[PDB]
Each structure stands twice: as structure tokens, then as C-alpha cells.
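Structure first, commentary second.
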Amino acid sequence: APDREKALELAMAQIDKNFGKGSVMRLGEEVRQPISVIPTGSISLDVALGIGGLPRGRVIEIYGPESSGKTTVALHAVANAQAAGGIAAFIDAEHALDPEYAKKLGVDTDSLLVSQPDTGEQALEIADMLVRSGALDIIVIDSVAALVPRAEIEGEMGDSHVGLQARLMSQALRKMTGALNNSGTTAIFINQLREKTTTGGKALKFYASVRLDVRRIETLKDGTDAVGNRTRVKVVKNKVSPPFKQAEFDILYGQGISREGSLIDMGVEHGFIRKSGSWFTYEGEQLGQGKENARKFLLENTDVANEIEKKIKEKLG
């Protein structure tokens, strides 16, 4: 009588109806659920996520060490959302944002709502109001660690020394998630780690539908000098697609996420662009000796790459 698979399936279906689509899914599984998505500004990371972009109306957390690429991803996300005619908001609490750069990554700063809150409670409450206004596509919160409660913000003693921030951060999501979902607004929560987990990244752990583990890995040199850095991201949690997938992408100094960078990288693996030792070629054409030269190569001949972006964008999504 037992048909393990017919047996398992039924159960699984229940698991999902009881806790939501994605409550449990086979890693090898492919997707059909399209959502509505904000492109991570990275073809790979997009493919990684399994829906090509950050899901909408979901709580997202991008964490990692200082200067690793988290923000840039955040920034691209925003920009795209705006390109699609979406409204955006930045709850700042670290005063770091370089509007100039954001502009360069496609951001329309001049239309970017920005708030620089007095307390974690305010930073969080101000975002919730903005969210349930239902007119925002994306909302970015800079520095979850800076979401220090107000009791601590105002000179207050060590009595009642507590993990108050976690509570603050937690209660804040129990109430916010709902709205976001209804408002179809995606909320990235840039959560940085430094030894200047604990403190608010503990509640976001269970309230996020996607958790990216941004991290740097190699300083692009090309010949013998600085041009950029290569980041790797490991979706550690994806509740709308099989989790644990990975992705890498270049970020030349000043520039954002290199389009051609991705092209050459992905192309190679998917095999459209072959690499004999030390050299790159595409259907007879010699892109160049050395990724960088290959980048320039593609950065110049727009038609090419444009077809390999195509050839690539074809085999998948």
C-alpha cells in the first residue's frame, strides 16, 4: 500500500498549506513560481535566487563584513525597482550612503525618500508607516546593528542591561512583515558584521524570506594593479526557491556590478565563451588574453556580449 513518493507528496502538500509555499522543497527542484521580482543587479545572483531577483513584498537580509558588496547589491536593487517605475526609501542610520555613486549605479537619488532616525524604534516605526502606505516597491535599511534602542541611545544606565535591541528588532518585524506582504514591498535589511550572532540579526533570521551572505573573495588584478574586487554571495536561505545556491560577480573600483564581468564568467561555465589556457574566445573571435582584456573587449563591442547575454538569458530565464 505504501508508495513512498505518493506517500511523501501528500504530506508535503500539507506542510505547505499549513506553513506556506516553500515550507519544504527538494533541492534539485526547478521553479514555476514567478512572483514579481527586483533584479539583484547580478545575472548570477539572480539565477542563484532561482527567480532572478529579490522576491517582492518580502523581508530580505543581506549580511557580511565591511566593504564586501552588500550595499552595492542593495543600491542596484533600489535603482532597478525605480527603473520599473517603483518608488524607493532608504532608512539611513549610519550616514555613509554616497548618493553620487548610487546615481552611477542607476539610482534616481532625486526621488529617493531618505530618513535618518533618532532611535531604532523610530527607524523601524518610520519604515512601517512608509510601508503600509503601499506606495513603495523597495525599502532599504542601512545597518541593522545601528538600530540601537532608544533607551540606549539616551544616556541610560546598565541596570536592565538587556538584549533589548533584539526585542525591538523582533517585535518590529512581527508587525511589519504583514504590511510588506500586503504592500508587495520588498525590504532589504543590510546587516553588517564587524567586531568593533547577537542584536537584531537574530529575529531577522526567522522573518526573512531570503538571506544573502555577501563576502569578498579576490582582489581583481588583471596584470599587476588594482581595478576591482570579486564578491561571492551564498543564498543561505531562500523560501521561494531551493536554498544554498551561490554566485560571484566583479565590482571594479567606482563601478557597480560589471555586466560583462558576469557575461564572461557565466558564459564560460555555460560554455558559450571558451577559455583555452590564458585566453578568451567566442565563436572564433578572440576576446582577449586575461579576463580584464576580455572585459574591455565586451565593454567595447556592444553587439557581441549583447548576443552572449542573449544566448545566456535564453538557456534559462
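The chains in the C-alpha cells are called A, B, ... from first to last as shown; in each chain the residues are counted from 1, and the ligands are counted from 1 in the order shown.
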Handout entry: Within 10 Å of residue A:308 using only C-alpha atoms, minus same-chain residues under 5 positions, as a list in words
Key = residues 260, 263, 264, 266, 267, 272, 273, 282, 298, 303, 313 and 314 of chain A
Exercise for the section: Pick out the residues sitting within 8 Å of residue A:87, and hand them over as a PyMOL selection string; count only C-alpha atoms, and ignore anything fewer than 5 positions along from it in its own chain. Expected result: chain A and resi 81-82+111-112+135-138
Handout entry: Top pick for closest residue to residue A:61, considering A:275, A:315, A:205, A:232 and counting only C-alpha atoms
Key =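 Nearest candidate to residue A:61 out of A:275, A:315, A:205, A:232: A:205.
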Applying 12 Å and only C-alpha atoms, which residues near residue A:88 remain after dropping the ones on its own chain fewer than 6 positions away? List them as a JSON list (two decimals) with N, CA, C and O atoms, in the first residue's frame.
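Output (part.json):
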```json
[["chain", "number", "residue", "atom", "x", "y", "z"],
["A", 38, "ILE", "N", 12.69, 42.01, -7.92],
["A", 38, "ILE", "CA", 13.62, 43.13, -8.06],
["A", 38, "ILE", "C", 14.98, 42.50, -8.33],
["A", 38, "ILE", "O", 15.56, 41.86, -7.45],
["A", 74, "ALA", "N", 22.33, 46.23, -2.63],
["A", 74, "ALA", "CA", 21.19, 46.98, -2.16],
["A", 74, "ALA", "C", 20.87, 48.10, -3.15],
["A", 74, "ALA", "O", 19.74, 48.20, -3.62],
["A", 75, "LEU", "N", 21.88, 48.91, -3.47],
["A", 75, "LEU", "CA", 21.72, 50.04, -4.39],
["A", 75, "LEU", "C", 21.16, 49.66, -5.76],
["A", 75, "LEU", "O", 20.25, 50.31, -6.27],
["A", 76, "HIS", "N", 21.72, 48.61, -6.36],
["A", 76, "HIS", "CA", 21.20, 48.17, -7.64],
["A", 76, "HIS", "C", 19.74, 47.80, -7.47],
["A", 76, "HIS", "O", 18.90, 48.26, -8.23],
["A", 77, "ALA", "N", 19.45, 46.98, -6.47],
["A", 77, "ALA", "CA", 18.07, 46.57, -6.22],
["A", 77, "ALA", "C", 17.19, 47.81, -6.35],
["A", 77, "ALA", "O", 16.33, 47.87, -7.23],
["A", 78, "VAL", "N", 17.43, 48.79, -5.49],
["A", 78, "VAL", "CA", 16.69, 50.05, -5.49],
["A", 78, "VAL", "C", 16.51, 50.59, -6.90],
["A", 78, "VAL", "O", 15.40, 50.67, -7.41],
["A", 79, "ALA", "N", 17.63, 50.96, -7.52],
["A", 79, "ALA", "CA", 17.63, 51.51, -8.87],
["A", 79, "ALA", "C", 16.67, 50.75, -9.79],
["A", 79, "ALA", "O", 15.75, 51.34, -10.36],
["A", 80, "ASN", "N", 16.90, 49.45, -9.94],
["A", 80, "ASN", "CA", 16.04, 48.66, -10.79],
["A", 80, "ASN", "C", 14.60, 48.95, -10.41],
["A", 80, "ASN", "O", 13.81, 49.37, -11.25],
["A", 81, "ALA", "N", 14.27, 48.74, -9.15],
["A", 81, "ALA", "CA", 12.90, 48.96, -8.69],
["A", 81, "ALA", "C", 12.40, 50.32, -9.19],
["A", 81, "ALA", "O", 11.23, 50.48, -9.52],
["A", 82, "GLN", "N", 13.30, 51.29, -9.27],
["A", 82, "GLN", "CA", 12.89, 52.59, -9.75],
["A", 82, "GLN", "C", 12.76, 52.61, -11.26],
["A", 82, "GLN", "O", 11.89, 53.29, -11.80],
["A", 107, "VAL", "N", 20.65, 54.61, -9.76],
["A", 107, "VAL", "CA", 19.71, 55.14, -8.79],
["A", 107, "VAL", "C", 19.30, 56.53, -9.20],
["A", 107, "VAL", "O", 20.06, 57.27, -9.82],
["A", 108, "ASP", "N", 18.06, 56.87, -8.87],
["A", 108, "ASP", "CA", 17.49, 58.18, -9.14],
["A", 108, "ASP", "C", 17.36, 58.81, -7.75],
["A", 108, "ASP", "O", 16.27, 58.90, -7.19],
["A", 109, "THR", "N", 18.50, 59.21, -7.19],
["A", 109, "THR", "CA", 18.53, 59.79, -5.86],
["A", 109, "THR", "C", 17.48, 60.87, -5.67],
["A", 109, "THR", "O", 16.74, 60.85, -4.68],
["A", 110, "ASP", "N", 17.41, 61.80, -6.62],
["A", 110, "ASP", "CA", 16.45, 62.90, -6.56],
["A", 110, "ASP", "C", 15.02, 62.49, -6.22],
["A", 110, "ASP", "O", 14.19, 63.34, -5.92],
["A", 111, "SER", "N", 14.74, 61.20, -6.29],
["A", 111, "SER", "CA", 13.39, 60.73, -6.00],
["A", 111, "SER", "C", 13.38, 59.68, -4.90],
["A", 111, "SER", "O", 12.34, 59.09, -4.60],
["A", 112, "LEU", "N", 14.54, 59.48, -4.30],
["A", 112, "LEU", "CA", 14.73, 58.50, -3.24],
["A", 112, "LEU", "C", 14.41, 59.02, -1.85],
["A", 112, "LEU", "O", 15.18, 59.80, -1.29],
["A", 113, "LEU", "N", 13.29, 58.60, -1.28],
["A", 113, "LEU", "CA", 12.98, 59.03, 0.08],
["A", 113, "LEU", "C", 14.10, 58.53, 1.01],
["A", 113, "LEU", "O", 14.54, 57.37, 0.91],
["A", 114, "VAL", "N", 14.58, 59.39, 1.91],
["A", 114, "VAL", "CA", 15.64, 59.03, 2.84],
["A", 114, "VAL", "C", 15.27, 59.50, 4.23],
["A", 114, "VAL", "O", 14.81, 60.63, 4.40],
["A", 115, "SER", "N", 15.46, 58.66, 5.24],
["A", 115, "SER", "CA", 15.13, 59.04, 6.60],
["A", 115, "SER", "C", 16.31, 58.70, 7.48],
["A", 115, "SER", "O", 16.88, 57.64, 7.33],
["A", 127, "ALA", "N", 9.70, 53.30, 9.03],
["A", 127, "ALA", "CA", 9.68, 52.42, 7.86],
["A", 127, "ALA", "C", 8.33, 51.76, 7.70],
["A", 127, "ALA", "O", 7.82, 51.63, 6.58],
["A", 130, "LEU", "N", 5.81, 54.19, 6.28],
["A", 130, "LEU", "CA", 6.12, 54.32, 4.87],
["A", 130, "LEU", "C", 5.67, 53.07, 4.10],
["A", 130, "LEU", "O", 5.16, 53.18, 2.98],
["A", 131, "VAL", "N", 5.86, 51.89, 4.69],
["A", 131, "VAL", "CA", 5.47, 50.66, 4.02],
["A", 131, "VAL", "C", 3.97, 50.49, 3.83],
["A", 131, "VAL", "O", 3.50, 50.37, 2.70],
["A", 134, "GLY", "N", 1.66, 51.59, 1.21],
["A", 134, "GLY", "CA", 1.52, 50.81, -0.01],
["A", 134, "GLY", "C", 1.96, 51.47, -1.30],
["A", 134, "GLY", "O", 1.51, 51.07, -2.36],
["A", 135, "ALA", "N", 2.84, 52.47, -1.23],
["A", 135, "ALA", "CA", 3.28, 53.13, -2.45],
["A", 135, "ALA", "C", 4.77, 52.90, -2.75],
["A", 135, "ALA", "O", 5.31, 53.49, -3.67],
["A", 136, "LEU", "N", 5.40, 52.02, -1.97],
["A", 136, "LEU", "CA", 6.82, 51.70, -2.10],
["A", 136, "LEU", "C", 7.08, 50.30, -2.66],
["A", 136, "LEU", "O", 6.46, 49.33, -2.26],
["A", 137, "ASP", "N", 8.02, 50.21, -3.59],
["A", 137, "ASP", "CA", 8.39, 48.93, -4.17],
["A", 137, "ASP", "C", 9.49, 48.36, -3.30],
["A", 137, "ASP", "O", 9.47, 47.19, -2.93],
["A", 138, "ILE", "N", 10.46, 49.20, -2.99],
["A", 138, "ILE", "CA", 11.60, 48.77, -2.20],
["A", 138, "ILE", "C", 11.92, 49.72, -1.04],
["A", 138, "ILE", "O", 11.73, 50.92, -1.14],
["A", 139, "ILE", "N", 12.40, 49.15, 0.06],
["A", 139, "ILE", "CA", 12.80, 49.93, 1.23],
["A", 139, "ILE", "C", 14.08, 49.29, 1.73],
["A", 139, "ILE", "O", 14.16, 48.08, 1.94],
["A", 140, "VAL", "N", 15.11, 50.11, 1.90],
["A", 140, "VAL", "CA", 16.40, 49.61, 2.34],
["A", 140, "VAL", "C", 16.71, 50.16, 3.70],
["A", 140, "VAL", "O", 16.57, 51.36, 3.92],
["A", 141, "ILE", "N", 17.12, 49.31, 4.63],
["A", 141, "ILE", "CA", 17.51, 49.79, 5.95],
["A", 141, "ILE", "C", 19.02, 49.58, 6.08],
["A", 141, "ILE", "O", 19.49, 48.44, 6.00],
["A", 185, "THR", "N", 5.81, 45.05, -0.99],
["A", 185, "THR", "CA", 7.08, 45.76, -0.90],
["A", 185, "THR", "C", 8.18, 44.92, -0.30],
["A", 185, "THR", "O", 8.02, 44.32, 0.77],
["A", 186, "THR", "N", 9.30, 44.89, -1.01],
["A", 186, "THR", "CA", 10.47, 44.15, -0.59],
["A", 186, "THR", "C", 11.28, 45.05, 0.28],
["A", 186, "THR", "O", 11.48, 46.22, -0.04],
["A", 187, "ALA", "N", 11.76, 44.49, 1.38],
["A", 187, "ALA", "CA", 12.55, 45.24, 2.31],
["A", 187, "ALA", "C", 13.88, 44.54, 2.54],
["A", 187, "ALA", "O", 13.92, 43.46, 3.15],
["A", 188, "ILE", "N", 14.95, 45.12, 2.01],
["A", 188, "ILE", "CA", 16.27, 44.56, 2.21],
["A", 188, "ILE", "C", 16.65, 45.11, 3.56],
["A", 188, "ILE", "O", 16.23, 46.20, 3.90]]
```
Exercise for the section: Would you kindly return, as a VMD selection string, each protein, DNA or RNA residue with an atom no farther than 10 Å from any atom of residue A:251, considering only C-alpha atoms and excluding same-chain residues fewer than 5 positions away? Expected result: chain A and resid 68 to 69 72 219 to 220 227 to 231 256 to 259 261
Handout entry: Spatial neighbours of residue A:26, max dist 10 Å, only C-alpha atoms, sep filter under 6 positions, as a list in words
Key = residues 241, 242 and 243 of chain A
Practice task
Using only C-alpha atoms, determine which residues lie at most 12 Å from residue A:33, disregarding the query and same-chain residues fewer than 5 positions distant; provide the list as a ChimeraX atom specification.
Solution key: /A:21-22,50-52,55,239-242
For the selection you just gave me, I'd like the residues written to a file as a PDB file, in the first residue's frame, keeping N, CA and C atoms.
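Output below, filename out_12.pdb:
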```pdb
ATOM      1  N   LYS A  21       3.882  28.108   0.875  1.00  0.00           N
ATOM      2  CA  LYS A  21       4.667  27.551  -0.218  1.00  0.00           C
ATOM      3  C   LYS A  21       6.139  27.674   0.135  1.00  0.00           C
ATOM      4  N   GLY A  22       6.882  26.585  -0.025  1.00  0.00           N
ATOM      5  CA  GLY A  22       8.300  26.614   0.279  1.00  0.00           C
ATOM      6  C   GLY A  22       8.649  26.124   1.670  1.00  0.00           C
ATOM      7  N   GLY A  50      17.030  31.734  -7.924  1.00  0.00           N
ATOM      8  CA  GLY A  50      16.014  30.896  -8.539  1.00  0.00           C
ATOM      9  C   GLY A  50      14.754  31.584  -9.071  1.00  0.00           C
ATOM     10  N   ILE A  51      14.722  32.914  -9.068  1.00  0.00           N
ATOM     11  CA  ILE A  51      13.572  33.673  -9.563  1.00  0.00           C
ATOM     12  C   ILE A  51      14.143  34.958 -10.135  1.00  0.00           C
ATOM     13  N   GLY A  52      15.464  34.948 -10.291  1.00  0.00           N
ATOM     14  CA  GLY A  52      16.176  36.091 -10.832  1.00  0.00           C
ATOM     15  C   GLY A  52      15.836  37.440 -10.232  1.00  0.00           C
ATOM     16  N   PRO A  55      12.678  38.527  -4.130  1.00  0.00           N
ATOM     17  CA  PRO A  55      11.222  38.435  -4.180  1.00  0.00           C
ATOM     18  C   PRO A  55      10.606  39.742  -3.689  1.00  0.00           C
ATOM     19  N   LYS A 239      13.169  30.994   0.728  1.00  0.00           N
ATOM     20  CA  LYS A 239      11.889  30.345   0.923  1.00  0.00           C
ATOM     21  C   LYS A 239      10.898  30.556  -0.220  1.00  0.00           C
ATOM     22  N   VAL A 240      11.421  30.566  -1.438  1.00  0.00           N
ATOM     23  CA  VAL A 240      10.609  30.700  -2.632  1.00  0.00           C
ATOM     24  C   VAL A 240      11.408  30.045  -3.735  1.00  0.00           C
ATOM     25  N   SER A 241      12.439  29.324  -3.322  1.00  0.00           N
ATOM     26  CA  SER A 241      13.303  28.620  -4.244  1.00  0.00           C
ATOM     27  C   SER A 241      14.306  27.802  -3.435  1.00  0.00           C
ATOM     28  N   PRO A 242      14.797  26.698  -4.003  1.00  0.00           N
ATOM     29  CA  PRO A 242      15.766  25.842  -3.325  1.00  0.00           C
ATOM     30  C   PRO A 242      16.929  26.695  -2.810  1.00  0.00           C
TER      31      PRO A 242
END
```
Practice task
Could you give me, as a list in words, the residues within 10 Å of stretch 153-169 of chain A, counting only C-alpha atoms and dropping anything in the same chain fewer than 6 positions from it?
Solution key: residues 118, 119, 120, 121, 124, 144, 145, 146, 147, 198, 199, 200, 201, 202, 203 and 204 of chain A
Keeping only C-alpha atoms, write those residues as a short mmCIF file (atom, residue, chain, number, x, y, z; two decimals), in the first residue's frame.
```cif
data_model
loop_
_atom_site.label_atom_id
_atom_site.label_comp_id
_atom_site.auth_asym_id
_atom_site.auth_seq_id
_atom_site.Cartn_x
_atom_site.Cartn_y
_atom_site.Cartn_z
CA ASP A 118 16.66 59.11 16.19
CA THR A 119 16.25 55.59 17.57
CA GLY A 120 15.87 52.00 16.48
CA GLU A 121 12.23 52.39 17.39
CA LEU A 124 11.70 50.97 12.47
CA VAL A 144 20.74 46.66 11.42
CA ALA A 145 23.35 46.96 14.16
CA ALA A 146 22.73 50.72 14.35
CA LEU A 147 19.08 50.01 15.19
CA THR A 198 23.56 38.91 18.51
CA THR A 199 21.46 42.00 18.40
CA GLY A 200 18.61 42.11 15.92
CA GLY A 201 20.07 39.83 13.27
CA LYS A 202 18.59 37.07 15.42
CA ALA A 203 14.93 37.98 14.79
CA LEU A 204 15.51 38.84 11.13
#
```
Exercise for the section: Name the residues of stretch 72-189 of chain A that come out as strand (DSSP E or B) in a backbone DSSP run; write them as a ChimeraX atom specification. Expected result: /A:88-91,113-115,138-142,186-189
Problem - Best match for closeness to residue A:60 among A:143, A:170, A:44, A:209, counting only C-alpha atoms - result: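 Closest residue, counting only C-alpha atoms: A:209.
Of the residues under consideration (A:99, A:15, A:174, A:90), A:90 shows the shortest atom-to-atom contact distance to residue A:126 when counting only C-alpha atoms.
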